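Presented below is the structure to which this report refers.
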Amino acid sequence: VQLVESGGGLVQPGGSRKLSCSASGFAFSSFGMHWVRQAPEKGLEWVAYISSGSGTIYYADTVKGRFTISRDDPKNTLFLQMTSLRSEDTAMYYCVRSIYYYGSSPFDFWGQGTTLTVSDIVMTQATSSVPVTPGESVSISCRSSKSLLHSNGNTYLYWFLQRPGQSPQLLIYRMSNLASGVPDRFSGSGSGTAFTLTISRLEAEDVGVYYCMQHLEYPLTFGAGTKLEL
Amino acid sequence: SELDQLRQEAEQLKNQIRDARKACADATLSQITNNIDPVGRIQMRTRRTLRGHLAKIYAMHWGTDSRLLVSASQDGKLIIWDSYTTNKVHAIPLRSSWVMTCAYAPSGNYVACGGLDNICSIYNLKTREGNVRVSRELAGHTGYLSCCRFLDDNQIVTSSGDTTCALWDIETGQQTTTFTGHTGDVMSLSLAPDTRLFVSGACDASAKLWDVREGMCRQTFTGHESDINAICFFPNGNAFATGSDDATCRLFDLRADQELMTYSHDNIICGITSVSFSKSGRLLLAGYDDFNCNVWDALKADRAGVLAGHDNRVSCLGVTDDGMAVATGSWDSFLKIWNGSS
Amino acid sequence: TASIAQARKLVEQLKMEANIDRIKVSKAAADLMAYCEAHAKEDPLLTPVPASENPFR
Amino acid sequence: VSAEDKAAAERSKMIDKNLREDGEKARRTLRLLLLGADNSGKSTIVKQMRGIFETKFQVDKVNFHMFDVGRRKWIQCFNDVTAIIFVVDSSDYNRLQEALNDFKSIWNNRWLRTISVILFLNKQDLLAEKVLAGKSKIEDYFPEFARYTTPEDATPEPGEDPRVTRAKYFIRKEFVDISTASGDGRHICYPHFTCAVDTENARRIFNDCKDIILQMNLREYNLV
Amino acid sequence: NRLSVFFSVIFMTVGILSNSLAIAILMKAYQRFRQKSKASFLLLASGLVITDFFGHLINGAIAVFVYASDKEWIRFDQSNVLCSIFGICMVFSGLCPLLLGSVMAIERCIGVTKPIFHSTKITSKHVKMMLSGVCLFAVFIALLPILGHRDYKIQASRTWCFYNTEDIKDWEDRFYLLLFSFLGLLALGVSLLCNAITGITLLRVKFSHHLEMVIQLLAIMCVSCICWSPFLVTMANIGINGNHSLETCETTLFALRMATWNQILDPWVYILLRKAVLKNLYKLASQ
Ligand SMILES: CCCCC[C@H](O)/C=C/[C@@H]1[C@@H](C/C=C\CCCC(=O)O)[C@@H](O)C[C@H]1O
């Protein structure tokens, strides 16, 4: 599975730029797609979502009316037409896939990201930084303004790990399920509006920033971010 | 000379087995269970109706989570359902449309199907590409695949129309054990809860108890007058039930090596296509060709209730592992979910 | 000589089925009756659950 | 209904869309079940028109799918085919009674009560030569053939020996007598006389399929 | 005089009962026949009976209230809301059965003359599009006077509302009557033409269920014309002759009651008066 973004660069304020996301190694037409941007020295922010078959589209309020998201299934390309660019739009834009059915894992893969330069439920992660040592268990807590436990029994909380210099990686989906390819030492638990991520026998690769995202309803909001440092 | 002498010895052995069964047949299940109270009238309503198949539904199998199920139809579609919300999780197009059976892996990572193409195809439901693809095609049966059941992600037992059952190693694609002894087409098989034994029903009106590890037939059960179409183990694994074209259901006991009870009525004259037990085994559910599904008091051989909601032959049925609901398939291309109300 | 080989195989199989230990039917009948009574409370189809506990409302 | 439940339900309806599209393409071809004995020669009928052998041929821009399976249990799979192509060898008098009993089981099958049979009495050139030679007599196998006379309403082909016509009408009558013995019009047999070089077999199926579908519509329009 | 409460009540009572029985029979029949094929005739026949059920119900209920109100439209319909609703229902209740019968004739003409084409080319989607396309076209014509700033006027009997027929002056006033008659007669003509081709082909093909179908076609053709010709011709007569036409109140009222029986007899002509249907009704009554 690969997701390569292109089209980013330095633009003047008020201009327009086109972002392209080339998808390969998987069935692109079956996956809903997301754009998530990360401002420099800032957290992750969800931008837009186009469903499978382009039948459903959602936008963030900060970009609604200005950004256009589209996909080219025969060419396996995802597009993001951006207009009326502001200085607040300077970020790294990530191409993210997500497939939705019973027992699926949304946000399983993240793209490399492209650099763009311009010349609601609240997720609370109070502890921004945590001093950690290898081999020691680390716990990260998250809070939500609204109860993420839906009436169908599911609690829609997602955990992501962004190693320095790399794209974010899904660890836990729906607050309890361990993602594929993730070591079993990671575990998630929670109830109602409070959740915890436990990292037993922390290693060097576990160093990074941990975000908790809610998927109970749109817009999709992340946490501030908790950084683990040696 | 030698052949004539040997065939007489086989007849003597049949008499030896027959006399032994009568020796241990001191009482009857009806006499033993005459004291217990009847279950009353079993009223089950159609909670869900699964629509989307465009041909006759041949087989269905519940997942171990009691929520997902797979159905096989002769339109060439293997469809995985979310029974709670009636959503279609997957739609698997089959290379050959004449599918006759479907299996759901107890882990939930694979489904299997097979029909007139003599292939038991294995499909991987958990792929990084987001699509279901064929992982293994199990070739070697010279007849149509009539049933298949998973033991784990690497072992599956298939019954064929070539009068043989087989145990397959999915990783290598080769059959570790081949089961022979049936003189008619094997139509069904039921794995024991411990998955060390499995009974099979054939057109020769005989049910054979097989040892998966040993690879030989341990016991043989007779009493049906026509082809056996459905077989199902008792919940505890010490008995099983069969359904045949003679419009009867029979409860065979493994240890006693003989039939315990027959479930028949004068009004019923059509063949029986599928049988299943409730969670406690007190109720026996059988699908018939009169478009209905009768609920039997397994201990008293009384028809407790009727599931009459289909417009064609009830081809299959199944009960969830938690025993909450029963799904019935039919040739009218519709699946219905049934359960009782307080 | 195909028939003569098959006859030996059938006779050999019939010997094994005749040498198994068979319990009394009343003993086997009571075991099924005991199992059904023990698990009667946990059978949703036999004893319908309240509508709040039914996943198929 | 949560945010992911809606996206799952949208996925289900896209699956529903492709299910119905595939069903429409499936109904654009007529499915034929091919049956016959070892000596029938049904393969030659297939090849001239052109463990499951499938052949596709087109007549007047109509596509036919013919399945040659290479049976009381698996015959139920072809419960909804348009027609069954039962091919027999009429020259072989010894195996004619095999075909008649074979035809009766198919005709009186409980799951084929509404399926019409297109009977192909193949190898008529061999039948004509066998009657002309006189070495073998149909009366030897069928005693009633001695007292059987060709009906006055018969329409034999031009330049055909009356002995051949009498034999053909008796062979055909044996199969038709089975067909009319039961069914009450739910299904119809369509006998035809073909040879190993006939090129009109495909068109005969097309004309017979039209009557099979027409009878199906008439039941719908009337048996409300 | 010639008008009374019981005349509309009896027609409403019998018309509802006839269509309710046909709906129940079409419910069981469709499930049986949807497995064999798409059952396109049963879909159209279900819509025809369902549409006729609402026509007898909606229009019948209003008339009983009007009769119970002593026909005082001024005192109870000063805003003219009821009459405009009454006029729309009357147009839809008559134009839809005629258009459905025309499509039902074309569908079964293809099903008989070209059974292979009707099975391999015509899909279940097309049948439901035609069923929906006919109903939408009948609503469009019914709403045409509303979109043309016109309105439905109270008729001479003062018990039903329909198009303007007394003292038509503007060219648009006579246009609506002509359009309704033209659509009604064109549907009648295609229904006769296609049922004739079906009957002619069947008799030629026959020489099992051919005679039953041919008798059915004759019943459809006769009932659809004996009932609708007196009313459709009268509307075309007024639309051309204007007020000079000898179209008295009794003439048009009688032509309306005949056209009413077309929807009353449709369950029988299409569904109930059938050999298979009558056998079930006999055993049901005995049980
Ligand atoms: C233009 C097409 C009209 C057909 C409508 C539908 O087919 C039948 C409507 C009938 C309806 C007639 C409407 C007003 C009655 C005026 C006759 C009086 O007051 O005596 C009621 O009599 C009951 C119902 O059967």
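Here, A, B, ... name the chains of the structure tokens in the order displayed, residue numbers run from 1 inside each chain, and ligands are numbered from 1 in the same displayed order.
Any residue of chain E with an atom no more than 8 Å from chain D counts as a contact; using only C-alpha atoms, that gives residues 25, 26, 29, 33, 36, 39, 41, 42, 111, 112, 114, 115, 116, 119, 120, 121, 123, 208, 209, 210, 212, 213, 271, 274, 275, 276 and 277 of chain E.
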Take the residues just selected and output them with N, CA, C and O atoms as an mmCIF file, in the first residue's frame.
```cif
data_model
loop_
_atom_site.group_PDB
_atom_site.id
_atom_site.type_symbol
_atom_site.label_atom_id
_atom_site.label_comp_id
_atom_site.auth_asym_id
_atom_site.auth_seq_id
_atom_site.Cartn_x
_atom_site.Cartn_y
_atom_site.Cartn_z
ATOM 1 N N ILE E 25 -55.038 -10.695 -3.091
ATOM 2 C CA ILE E 25 -54.721 -11.796 -3.995
ATOM 3 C C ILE E 25 -53.437 -11.506 -4.765
ATOM 4 O O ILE E 25 -52.614 -12.402 -4.982
ATOM 5 N N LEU E 26 -53.243 -10.256 -5.188
ATOM 6 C CA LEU E 26 -52.003 -9.888 -5.863
ATOM 7 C C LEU E 26 -50.797 -9.938 -4.935
ATOM 8 O O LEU E 26 -49.668 -10.072 -5.417
ATOM 9 N N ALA E 29 -49.954 -13.766 -4.937
ATOM 10 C CA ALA E 29 -49.582 -14.206 -6.278
ATOM 11 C C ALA E 29 -48.209 -13.685 -6.678
ATOM 12 O O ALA E 29 -47.422 -14.413 -7.294
ATOM 13 N N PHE E 33 -44.821 -15.703 -8.200
ATOM 14 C CA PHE E 33 -44.369 -15.496 -9.569
ATOM 15 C C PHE E 33 -43.104 -14.657 -9.679
ATOM 16 O O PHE E 33 -42.478 -14.656 -10.746
ATOM 17 N N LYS E 36 -40.168 -17.000 -10.532
ATOM 18 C CA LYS E 36 -40.049 -17.519 -11.891
ATOM 19 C C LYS E 36 -39.478 -16.470 -12.838
ATOM 20 O O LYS E 36 -38.588 -16.765 -13.643
ATOM 21 N N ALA E 39 -42.119 -10.848 -13.174
ATOM 22 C CA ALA E 39 -43.544 -10.654 -12.909
ATOM 23 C C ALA E 39 -43.966 -9.214 -13.193
ATOM 24 O O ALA E 39 -44.569 -8.536 -12.359
ATOM 25 N N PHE E 41 -46.200 -8.006 -15.251
ATOM 26 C CA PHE E 41 -47.644 -7.788 -15.269
ATOM 27 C C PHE E 41 -48.196 -7.616 -13.861
ATOM 28 O O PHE E 41 -49.071 -6.774 -13.629
ATOM 29 N N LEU E 42 -47.702 -8.406 -12.906
ATOM 30 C CA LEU E 42 -48.208 -8.315 -11.542
ATOM 31 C C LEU E 42 -47.821 -7.000 -10.880
ATOM 32 O O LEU E 42 -48.548 -6.510 -10.010
ATOM 33 N N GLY E 111 -44.536 -9.153 -24.380
ATOM 34 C CA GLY E 111 -44.374 -10.431 -23.709
ATOM 35 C C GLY E 111 -44.919 -11.610 -24.484
ATOM 36 O O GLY E 111 -44.486 -12.743 -24.251
ATOM 37 N N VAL E 112 -45.853 -11.373 -25.397
ATOM 38 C CA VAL E 112 -46.442 -12.428 -26.214
ATOM 39 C C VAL E 112 -45.803 -12.489 -27.595
ATOM 40 O O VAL E 112 -45.448 -13.564 -28.076
ATOM 41 N N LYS E 114 -42.882 -11.054 -28.650
ATOM 42 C CA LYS E 114 -41.433 -11.234 -28.548
ATOM 43 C C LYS E 114 -41.081 -11.639 -27.124
ATOM 44 O O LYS E 114 -40.513 -10.848 -26.361
ATOM 45 N N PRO E 115 -41.413 -12.870 -26.728
ATOM 46 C CA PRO E 115 -41.165 -13.279 -25.336
ATOM 47 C C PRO E 115 -39.695 -13.295 -24.951
ATOM 48 O O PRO E 115 -39.374 -13.058 -23.782
ATOM 49 N N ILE E 116 -38.790 -13.578 -25.891
ATOM 50 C CA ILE E 116 -37.367 -13.580 -25.567
ATOM 51 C C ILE E 116 -36.876 -12.163 -25.302
ATOM 52 O O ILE E 116 -36.162 -11.909 -24.326
ATOM 53 N N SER E 119 -37.863 -10.823 -22.022
ATOM 54 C CA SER E 119 -37.213 -11.485 -20.898
ATOM 55 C C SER E 119 -35.735 -11.141 -20.772
ATOM 56 O O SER E 119 -35.228 -11.024 -19.653
ATOM 57 N N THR E 120 -35.026 -10.972 -21.889
ATOM 58 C CA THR E 120 -33.594 -10.707 -21.844
ATOM 59 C C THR E 120 -33.246 -9.226 -21.903
ATOM 60 O O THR E 120 -32.155 -8.848 -21.463
ATOM 61 N N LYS E 121 -34.129 -8.385 -22.432
ATOM 62 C CA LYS E 121 -33.861 -6.959 -22.579
ATOM 63 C C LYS E 121 -34.607 -6.093 -21.577
ATOM 64 O O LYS E 121 -34.016 -5.177 -21.003
ATOM 65 N N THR E 123 -35.949 -5.124 -18.125
ATOM 66 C CA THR E 123 -35.537 -5.424 -16.764
ATOM 67 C C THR E 123 -36.614 -4.987 -15.779
ATOM 68 O O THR E 123 -37.587 -4.321 -16.137
ATOM 69 N N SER E 208 -52.862 -23.948 -24.205
ATOM 70 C CA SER E 208 -53.326 -24.369 -22.889
ATOM 71 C C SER E 208 -54.043 -23.227 -22.178
ATOM 72 O O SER E 208 -55.201 -23.357 -21.787
ATOM 73 N N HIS E 209 -53.342 -22.106 -22.009
ATOM 74 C CA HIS E 209 -53.910 -20.908 -21.409
ATOM 75 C C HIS E 209 -54.240 -19.839 -22.440
ATOM 76 O O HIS E 209 -54.522 -18.697 -22.066
ATOM 77 N N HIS E 210 -54.200 -20.180 -23.730
ATOM 78 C CA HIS E 210 -54.465 -19.192 -24.769
ATOM 79 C C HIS E 210 -55.910 -18.711 -24.731
ATOM 80 O O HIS E 210 -56.169 -17.509 -24.844
ATOM 81 N N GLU E 212 -58.031 -18.770 -22.177
ATOM 82 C CA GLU E 212 -58.240 -17.983 -20.966
ATOM 83 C C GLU E 212 -57.723 -16.561 -21.142
ATOM 84 O O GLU E 212 -58.371 -15.598 -20.718
ATOM 85 N N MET E 213 -56.553 -16.413 -21.767
ATOM 86 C CA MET E 213 -55.996 -15.085 -22.003
ATOM 87 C C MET E 213 -56.807 -14.316 -23.040
ATOM 88 O O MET E 213 -57.031 -13.111 -22.888
ATOM 89 N N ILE E 271 -58.050 -9.334 -12.486
ATOM 90 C CA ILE E 271 -57.582 -10.250 -11.449
ATOM 91 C C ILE E 271 -58.665 -11.240 -11.035
ATOM 92 O O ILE E 271 -58.488 -12.456 -11.163
ATOM 93 N N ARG E 274 -60.958 -14.756 -12.817
ATOM 94 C CA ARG E 274 -59.964 -15.667 -13.359
ATOM 95 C C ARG E 274 -60.206 -17.053 -12.787
ATOM 96 O O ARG E 274 -60.632 -17.198 -11.638
ATOM 97 N N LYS E 275 -59.931 -18.075 -13.600
ATOM 98 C CA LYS E 275 -60.212 -19.446 -13.185
ATOM 99 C C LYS E 275 -59.417 -19.824 -11.941
ATOM 100 O O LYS E 275 -59.958 -20.436 -11.013
ATOM 101 N N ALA E 276 -58.132 -19.468 -11.902
ATOM 102 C CA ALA E 276 -57.316 -19.776 -10.733
ATOM 103 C C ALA E 276 -57.776 -18.987 -9.512
ATOM 104 O O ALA E 276 -57.784 -19.514 -8.394
ATOM 105 N N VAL E 277 -58.155 -17.724 -9.706
ATOM 106 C CA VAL E 277 -58.573 -16.887 -8.586
ATOM 107 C C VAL E 277 -59.909 -17.357 -8.025
ATOM 108 O O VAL E 277 -60.092 -17.429 -6.805
#
```
Who sits within 6 Å of range 318-329 of chain B, only C-alpha atoms, same chain under 5 positions skipped, as a list in words = residues 64, 66, 279, 335, 336, 337, 338 and 339 of chain B; 44 of chain C
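The nearest approach to chain A among the residues D:17, D:123, D:192, D:135, with only C-alpha atoms taken into account, belongs to D:17.
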Would you please extract all helix (DSSP H, G or I) residues from chain C, as assigned by DSSP on the backbone, and give them as a VMD selection string?
chain C and resid 2 to 18 25 to 38 51 to 53
Limited to N, CA and C atoms, could you put the picked residues into a file as a short mmCIF file (atom, residue, chain, number, x, y, z; two decimals), in the first residue's frame?
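Below is the file that was written, part_6.cif:
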```cif
data_model
loop_
_atom_site.label_atom_id
_atom_site.label_comp_id
_atom_site.auth_asym_id
_atom_site.auth_seq_id
_atom_site.Cartn_x
_atom_site.Cartn_y
_atom_site.Cartn_z
N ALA C 2 -10.86 -57.46 -7.59
CA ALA C 2 -11.28 -56.25 -6.89
C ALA C 2 -12.35 -56.55 -5.85
N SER C 3 -13.29 -57.43 -6.17
CA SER C 3 -14.38 -57.73 -5.24
C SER C 3 -13.87 -58.41 -3.97
N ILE C 4 -12.92 -59.33 -4.11
CA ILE C 4 -12.43 -60.07 -2.94
C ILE C 4 -11.69 -59.13 -1.99
N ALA C 5 -10.97 -58.14 -2.54
CA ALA C 5 -10.29 -57.17 -1.69
C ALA C 5 -11.29 -56.30 -0.93
N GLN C 6 -12.37 -55.90 -1.59
CA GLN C 6 -13.38 -55.06 -0.94
C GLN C 6 -14.08 -55.81 0.18
N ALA C 7 -14.32 -57.11 0.00
CA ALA C 7 -15.02 -57.89 1.01
C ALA C 7 -14.23 -57.94 2.32
N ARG C 8 -12.91 -58.10 2.23
CA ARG C 8 -12.08 -58.09 3.43
C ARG C 8 -12.15 -56.74 4.13
N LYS C 9 -12.14 -55.65 3.37
CA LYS C 9 -12.19 -54.32 3.96
C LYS C 9 -13.50 -54.09 4.71
N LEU C 10 -14.62 -54.52 4.12
CA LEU C 10 -15.91 -54.35 4.78
C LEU C 10 -15.99 -55.17 6.06
N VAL C 11 -15.49 -56.41 6.02
CA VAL C 11 -15.51 -57.26 7.21
C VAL C 11 -14.63 -56.68 8.30
N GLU C 12 -13.45 -56.16 7.93
CA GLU C 12 -12.55 -55.58 8.91
C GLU C 12 -13.17 -54.38 9.60
N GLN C 13 -13.86 -53.53 8.84
CA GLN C 13 -14.52 -52.37 9.44
C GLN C 13 -15.63 -52.78 10.39
N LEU C 14 -16.42 -53.79 10.02
CA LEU C 14 -17.54 -54.22 10.85
C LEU C 14 -17.07 -54.78 12.19
N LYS C 15 -15.87 -55.36 12.23
CA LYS C 15 -15.34 -55.87 13.49
C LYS C 15 -15.14 -54.76 14.51
N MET C 16 -14.59 -53.62 14.08
CA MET C 16 -14.30 -52.53 15.00
C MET C 16 -15.57 -51.95 15.60
N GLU C 17 -16.62 -51.80 14.79
CA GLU C 17 -17.87 -51.23 15.28
C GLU C 17 -18.57 -52.13 16.29
N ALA C 18 -18.33 -53.44 16.23
CA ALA C 18 -18.95 -54.38 17.14
C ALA C 18 -18.22 -54.50 18.48
N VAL C 25 -29.42 -47.39 27.06
CA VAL C 25 -30.14 -46.28 26.46
C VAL C 25 -30.70 -45.36 27.54
N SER C 26 -31.22 -45.94 28.62
CA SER C 26 -31.74 -45.13 29.71
C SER C 26 -30.65 -44.26 30.32
N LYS C 27 -29.42 -44.78 30.38
CA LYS C 27 -28.29 -43.96 30.82
C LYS C 27 -28.00 -42.84 29.83
N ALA C 28 -28.01 -43.17 28.53
CA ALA C 28 -27.77 -42.15 27.51
C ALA C 28 -28.94 -41.18 27.42
N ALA C 29 -30.17 -41.68 27.61
CA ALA C 29 -31.34 -40.80 27.57
C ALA C 29 -31.31 -39.79 28.71
N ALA C 30 -30.90 -40.22 29.91
CA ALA C 30 -30.86 -39.30 31.04
C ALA C 30 -29.79 -38.23 30.87
N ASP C 31 -28.69 -38.56 30.20
CA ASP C 31 -27.63 -37.57 29.98
C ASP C 31 -28.13 -36.42 29.11
N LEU C 32 -28.87 -36.73 28.05
CA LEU C 32 -29.47 -35.67 27.24
C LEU C 32 -30.50 -34.89 28.04
N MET C 33 -31.31 -35.59 28.84
CA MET C 33 -32.31 -34.91 29.66
C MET C 33 -31.65 -34.04 30.72
N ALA C 34 -30.55 -34.51 31.30
CA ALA C 34 -29.84 -33.72 32.30
C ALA C 34 -29.20 -32.48 31.68
N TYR C 35 -28.63 -32.61 30.48
CA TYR C 35 -28.00 -31.46 29.84
C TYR C 35 -29.03 -30.40 29.47
N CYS C 36 -30.19 -30.81 28.96
CA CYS C 36 -31.22 -29.84 28.60
C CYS C 36 -31.74 -29.09 29.82
N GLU C 37 -31.93 -29.80 30.93
CA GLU C 37 -32.40 -29.16 32.16
C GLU C 37 -31.36 -28.18 32.70
N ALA C 38 -30.08 -28.56 32.64
CA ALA C 38 -29.03 -27.70 33.18
C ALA C 38 -28.91 -26.40 32.39
N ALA C 51 -37.24 -7.85 25.78
CA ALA C 51 -36.97 -7.07 24.57
C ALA C 51 -35.73 -6.20 24.72
N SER C 52 -35.39 -5.80 25.95
CA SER C 52 -34.19 -4.99 26.16
C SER C 52 -32.92 -5.79 25.88
N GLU C 53 -32.95 -7.10 26.09
CA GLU C 53 -31.79 -7.95 25.90
C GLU C 53 -31.76 -8.63 24.53
#
```
At a cut-off of 10 Å, using only C-alpha atoms, what residues contact residue 22 in chain C? Leave out same-chain residues fewer than 3 positions from it and give the result as a PyMOL selection string. (chain B and resi 20-21+23-25+254-258) or (chain C and resi 18-19+25+28)
Residue hits in chain B, query chain D, radius 9 Å, only C-alpha atoms, as a list in words
residues 52, 53, 54, 55, 56, 74, 75, 77, 85, 86, 87, 88, 89, 90, 91, 98, 99, 100, 116, 117, 118, 142, 143, 144, 161, 185 and 187 of chain B
Can I get the selected residues back with C-alpha atoms, as a PDB file, in the first residue's frame?
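What follows is the written file out09.pdb:
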```pdb
ATOM      1  CA  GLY B  52     -30.190  -8.942  -2.006  1.00  0.00           C
ATOM      2  CA  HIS B  53     -29.720 -12.431  -3.417  1.00  0.00           C
ATOM      3  CA  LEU B  54     -30.912 -12.822  -7.010  1.00  0.00           C
ATOM      4  CA  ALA B  55     -31.199 -16.629  -7.104  1.00  0.00           C
ATOM      5  CA  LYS B  56     -31.886 -19.624  -4.880  1.00  0.00           C
ATOM      6  CA  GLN B  74     -26.595 -19.728  -7.286  1.00  0.00           C
ATOM      7  CA  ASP B  75     -26.339 -16.214  -8.722  1.00  0.00           C
ATOM      8  CA  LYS B  77     -22.525 -14.306  -5.082  1.00  0.00           C
ATOM      9  CA  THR B  85     -28.327  -3.922  10.754  1.00  0.00           C
ATOM     10  CA  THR B  86     -28.989  -6.013   7.590  1.00  0.00           C
ATOM     11  CA  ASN B  87     -25.956  -4.360   5.969  1.00  0.00           C
ATOM     12  CA  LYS B  88     -23.916  -6.262   3.387  1.00  0.00           C
ATOM     13  CA  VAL B  89     -20.328  -6.324   4.637  1.00  0.00           C
ATOM     14  CA  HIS B  90     -18.913  -8.138   1.600  1.00  0.00           C
ATOM     15  CA  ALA B  91     -20.037  -9.420  -1.799  1.00  0.00           C
ATOM     16  CA  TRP B  98     -23.218 -23.535  -8.913  1.00  0.00           C
ATOM     17  CA  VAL B  99     -22.209 -23.169  -5.262  1.00  0.00           C
ATOM     18  CA  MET B 100     -23.799 -25.691  -2.904  1.00  0.00           C
ATOM     19  CA  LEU B 116     -20.469 -28.474  -8.944  1.00  0.00           C
ATOM     20  CA  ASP B 117     -16.939 -27.302  -9.815  1.00  0.00           C
ATOM     21  CA  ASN B 118     -15.459 -29.836  -7.331  1.00  0.00           C
ATOM     22  CA  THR B 142     -14.146 -35.948  -8.126  1.00  0.00           C
ATOM     23  CA  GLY B 143     -17.717 -34.991  -7.191  1.00  0.00           C
ATOM     24  CA  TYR B 144     -19.691 -31.926  -6.214  1.00  0.00           C
ATOM     25  CA  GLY B 161     -20.673 -36.308  -4.057  1.00  0.00           C
ATOM     26  CA  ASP B 185     -23.238 -39.183  -2.145  1.00  0.00           C
ATOM     27  CA  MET B 187     -24.708 -34.537   1.551  1.00  0.00           C
TER      28      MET B 187
END
```
Excluding range 118-131 of chain A and its own-chain neighbours fewer than 6 positions away, which residues fall within 7 Å of it when counting only C-alpha atoms? Please give them as a list in words.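 The contact residues come out as residues 10, 11, 12, 13, 86, 87, 89, 90, 141, 142, 143, 144, 145, 146, 219, 221, 222, 223, 224, 225, 226, 227, 228, 229 and 230 of chain A.
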Please find the residues of chain B near chain A - the criterion being any atom within 12 Å, counting only C-alpha atoms - and write them as a PDB file with C-alpha atoms, in the first residue's frame.
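Wrote it out as out.pdb, contents follow:
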```pdb
ATOM      1  CA  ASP B  65     -19.729 -13.689  16.993  1.00  0.00           C
ATOM      2  CA  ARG B  67     -23.721 -11.240  14.317  1.00  0.00           C
ATOM      3  CA  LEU B  68     -22.046 -11.933  10.968  1.00  0.00           C
ATOM      4  CA  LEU B  69     -23.175 -14.648   8.585  1.00  0.00           C
ATOM      5  CA  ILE B  80     -21.498 -11.621   4.161  1.00  0.00           C
ATOM      6  CA  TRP B  81     -24.263  -9.992   6.189  1.00  0.00           C
ATOM      7  CA  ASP B  82     -24.451  -7.895   9.338  1.00  0.00           C
ATOM      8  CA  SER B  83     -27.575  -9.489  10.788  1.00  0.00           C
ATOM      9  CA  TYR B  84     -28.149  -6.719  13.344  1.00  0.00           C
ATOM     10  CA  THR B  85     -28.327  -3.922  10.754  1.00  0.00           C
ATOM     11  CA  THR B  86     -28.989  -6.013   7.590  1.00  0.00           C
ATOM     12  CA  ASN B  87     -25.956  -4.360   5.969  1.00  0.00           C
ATOM     13  CA  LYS B  88     -23.916  -6.262   3.387  1.00  0.00           C
ATOM     14  CA  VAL B  89     -20.328  -6.324   4.637  1.00  0.00           C
ATOM     15  CA  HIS B  90     -18.913  -8.138   1.600  1.00  0.00           C
ATOM     16  CA  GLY B 108     -13.679 -14.859  11.083  1.00  0.00           C
ATOM     17  CA  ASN B 109     -10.717 -14.375   8.730  1.00  0.00           C
ATOM     18  CA  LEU B 125     -11.560 -11.571   4.335  1.00  0.00           C
ATOM     19  CA  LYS B 126      -8.697  -9.661   6.028  1.00  0.00           C
ATOM     20  CA  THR B 127      -6.409  -8.265   3.324  1.00  0.00           C
ATOM     21  CA  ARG B 128      -4.311  -5.108   3.220  1.00  0.00           C
ATOM     22  CA  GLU B 129      -5.746  -4.285  -0.223  1.00  0.00           C
ATOM     23  CA  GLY B 130      -9.256  -3.880   1.201  1.00  0.00           C
ATOM     24  CA  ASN B 131     -10.805  -6.575  -1.006  1.00  0.00           C
ATOM     25  CA  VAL B 132     -11.670 -10.242  -0.568  1.00  0.00           C
ATOM     26  CA  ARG B 133      -9.517 -12.518  -2.723  1.00  0.00           C
TER      27      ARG B 133
END
```
